[PDB]
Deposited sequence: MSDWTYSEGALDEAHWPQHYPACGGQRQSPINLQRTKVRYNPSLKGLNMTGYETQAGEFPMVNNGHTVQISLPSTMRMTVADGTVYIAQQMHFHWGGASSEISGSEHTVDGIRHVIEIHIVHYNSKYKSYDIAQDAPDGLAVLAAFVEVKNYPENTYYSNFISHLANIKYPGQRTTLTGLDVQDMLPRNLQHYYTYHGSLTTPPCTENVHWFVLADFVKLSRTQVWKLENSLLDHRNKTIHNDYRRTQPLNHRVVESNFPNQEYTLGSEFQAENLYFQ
């Protein structure tokens, strides 16, 4: 990880992710309003779910879109999860690492495809949310998804869901968030990712968390439990919030 900038120059940049969010250093920006999400509600349709060797990824339709403060529209591409089995999340908050972090990856609609956007300035945006566990009951919006993990145990296996509710897989409060400009968390570490980190958490049961952490195998046939990149310096960035 120390070596990344040798061959991937963006990794030696000033706007790298993930970061630790220190809440005392966050700036309230009243001109930030909502994420303006449309098309994420419960719907029928085909939602491919794959074990890619590193995570489970769910492909999303291009009718899922969010509009940021300046009017840029970002198109949903895929959703995936970061876990440990606390060693799960990439981002930390006030030094606290969470059990799982959920990422919805979007691309800027000014580009013709995800693949073009990935190498473009302002090409990407990620909606991120943490999971919290306590003594919560089963989160019913995860029940089908969790049940299908058993079908993609080996890398490259795929399964479909014919209905999903992405909005209600996210935290109950979708109004409040932190935002900053950052990068991919692995090489090539491209610095074109607008991050939105939700303030509210997703509640999962302990069993749900255990199943996510213990269901999938990697290419070496071992249970998936991968090393996060350390948090990176803010440098000249200031994390902003759309609430006091």
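When the deposited sequence is numbered from 1, the segments without any C-alpha atom are 1-12, 98-101, 261-278.
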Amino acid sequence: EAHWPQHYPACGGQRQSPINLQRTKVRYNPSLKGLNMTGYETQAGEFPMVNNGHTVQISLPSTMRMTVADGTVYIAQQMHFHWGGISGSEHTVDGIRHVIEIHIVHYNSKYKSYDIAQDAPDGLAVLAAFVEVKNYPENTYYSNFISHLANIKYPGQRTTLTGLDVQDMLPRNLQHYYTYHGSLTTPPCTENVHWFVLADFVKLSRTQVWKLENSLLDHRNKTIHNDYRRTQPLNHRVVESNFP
From here on, numbers count along this sequence of modelled residues.
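Once the C-alpha B-factors are averaged per stretch, 18-26 and 222-230 rank with 222-230 first. In this crystal structure, the stretch out of 148-156 and 132-140 whose C-alpha atoms carry the higher mean B factor is 132-140. Comparing the listed residues 190, 59, 63, 31, the entry records the largest Cα B-factor for 31.
Looking only at 113, 78, 167, 162, the residue with the top Cα B factor in the deposited structure is 162. When the modelled residues of the chain are ordered by C-alpha B-factor, residue 123 sits in the lowest third. For residue 106, the recorded CA B-factor ranks within the lowest third of the chain. Only modelled residues enter the ranking. Per the deposited record, the Cα B-factor of residue 98 falls in the lowest third when ranked against the other modelled residues of its chain.
In the PDB entry, a CA B factor belonging to the lowest third of its chain's modelled residues is recorded for residue 209. Split the chain's modelled residues into thirds by C-alpha temperature factor. Residue 8 is in the lowest one.
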